[PDB]
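In mature numbering (1 follows the signal peptide of the UniProt record, and there is no 0), the protein residues as written are 70 to 399.
To keep things clear, I will list the structure first and then write my remarks on it.
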């Protein structure tokens, strides 16, 4: 089997991408944030505290003839940005782009943090990291991809995120028309539960490539590119007037600037992020100070190849017995 679904930016900045997902019988379609940095499929629901729902579409398990309460199961998750959610668990039929999993754990939120309530466009998350990170207790549950894997034509999914435009998540096949050149594959460590890999270096604009190992995670659920402070400083030094602002929370730059590209290495291959992809717009409405799309990871503990980096590539998440990642230009 295969599946293919369009993923759409939630706003004009590409802050996140939503993909429609069918849950239950009859189907209830929710728009979920596919997140290769986590491993829970959780949704706003009829059980979510009413004051914490503000415009999201909810899953109502009582209206699904295939929903079953997973007795005794609870979940609770905290994300790298400080947001969180928790609740109980159903199993139900879940379909993405024509690919159907029966008995998928659907984690129903009883509580969500304010950032989720305040974003009416995201109805939940669909985790695509390794199932070892799943938070369901006392019996950990498998991700959608883990449940589908054995049925897929090939045990892979691909992320093709658009810049200011829709893109595609495919399951079970590699669309050879969706990229240019070849796909370069690189080793993955699953020891932390992430799609963790080592970039071979970087360049700023037309500058020389610096060969240096940068360990990080491929994370579709993170907006920006978070890299070591040395790398980030070298990038922003090429933008007149750019500076790190402690009050804003990162590097800002004059909105009148033209940003240089940023290149990262994948083996001997190179993925070029155009400068425009690094502009996240005014820090507040009407400001002439703009927020940068490349930021320091120093306060995270890991480097994160988020959407800024991934949307410059066609990315293969190869879930073979020994997982690997693939990157192609497009």
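In this text, a Cβ means the ideal position worked out from N, Cα and C, and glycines have one as well.
Asked, Found
"Give the secondary structure of residue 338 by DSSP, where H, G and I count as helix, E and B as strand, and everything else as coil.", "strand"
"Can you round the beta-carbon distance between residue 72 and residue 165 to whole angstroms, since I take them to be within the 8 Å contact cut?", "5 Å"
"Roughly how many angstroms separate the alpha carbons of residue 315 and residue 352, rounded to a whole number?", "13 Å"
"Answer with buried or exposed for residue 265, where buried requires no fewer than 16 other C-beta atoms within 10 angstroms of its C-beta.", "buried"
"Please name the residue in 219, 202, 130 whose C-alpha comes closest to that of residue 260.", "202"
"How big is the Cα-Cα spacing for residue 225 and residue 309?", "42 Å"
"Nearest CA to the CA of residue 83: which residue from 195, 158, 223, 232?", "232"
"Taking residue 242 as part of the alpha helix (DSSP H), name the residues at either end of that continuous run.", "Note, residue 242: premise wrong, no alpha helix (DSSP H); not H, not E."
"Nearest by alpha-carbon distance to residue 355: which of 323, 340, 172 is it?", "323"
"From residue 117 to residue 110, what distance separates their C-alpha atoms?", "15 Å"
"Considering only C-alpha positions, which residue in the set 215, 327, 246, 297 is nearest to residue 107?", "215"
"At what residues does the beta strand (DSSP E) containing residue 304 begin and finish?", "It is not in any beta strand (DSSP E) - residue 304 instead sits in the alpha helix (DSSP H) that spans 298 to 305."
"With distances taken Cα to Cα, identify the nearest neighbour of residue 291 among 89, 100, 97, 104.", "104"
"To the nearest whole angstrom, what separates the beta carbons of residue 294 and residue 350, a pair I think is in contact under 8 Å?", "Contact doesn't hold; Cβ gap of about 16 Å is too wide."
"On the three-state DSSP scale, how would you describe residue 141?", "strand"
"Taking all protein chains shown into account, decide if residue 369 is buried (16 or more other Cβ within 10 angstroms of its Cβ) or exposed.", "exposed"
"Quick check on the burial criterion: 16 or more other C-beta atoms within 10 angstroms. Buried or exposed for residue 241?", "buried"
"Please report the Cβ distance between residue 102 and residue 85, rounded to the nearest whole angstrom; I am assuming they are in contact, meaning their Cβ atoms lie under 8 Å.", "5 Å"
"So, does the segment 143 to 159 touch the segment 171 to 189, judging by three or more C-beta pairs under 8 Å?", "yes"
"Assuming residue 271 and residue 332 make a contact with CB atoms under 8 Å, what is their CB distance in whole Å?", "6 Å"
"How is residue 93 classed by DSSP in three states: helix, strand or coil?", "coil"
"What are the uninterrupted segments assigned as beta strand (DSSP E) that are 3 or more residues long and contained completely in the segment 188 to 218, given in chain order?", "193 to 196"
"Can you tell me which residues form a DSSP beta bridge with residue 266?", "285"
"Quick one: Cα of residue 194 to Cα of residue 176, how far?", "10 Å"
"Going along the chain, which residues of its own chain have a beta-carbon closer than 6 Å to the beta-carbon of residue 129, five neighbours each way excluded?", "115"
"If we count the other Cβ atoms within 10 Å of its Cβ and call it buried at 16 or more, is residue 136 buried or exposed?", "buried"
"Starting from residue 113, trace the alpha helix (DSSP H) both ways and give me its first and last residue.", "Note, residue 113: premise wrong, no alpha helix (DSSP H); not H, not E."
"Cα-Cα, which of 120, 318, 125 is closest to residue 100?", "125"
"With 7 Å set as the bound, which would you pick, yes or no: does the beta-carbon of residue 330 sit closer than that to a beta-carbon of chain D?", "Annotation note: the requested chain D is absent from the structure, which comprises a single protein chain."
"So for residue 225, helix, strand or coil by DSSP?", "strand"
"Excluding the 5 residues preceding and the 5 following residue 142 in the sequence, name in chain order all residues of the same chain whose CB lies nearer than 6 Å to its CB.", "158, 205"
"Any idea if residue 162 is buried or exposed, counting beta-carbon neighbours within 10 angstroms, 16 or more meaning buried?", "buried"
"Taking all protein chains shown into account, do 16 or more other C-beta atoms lie within 10 angstroms of the C-beta of residue 211, making it buried, or fewer, making it exposed?", "buried"
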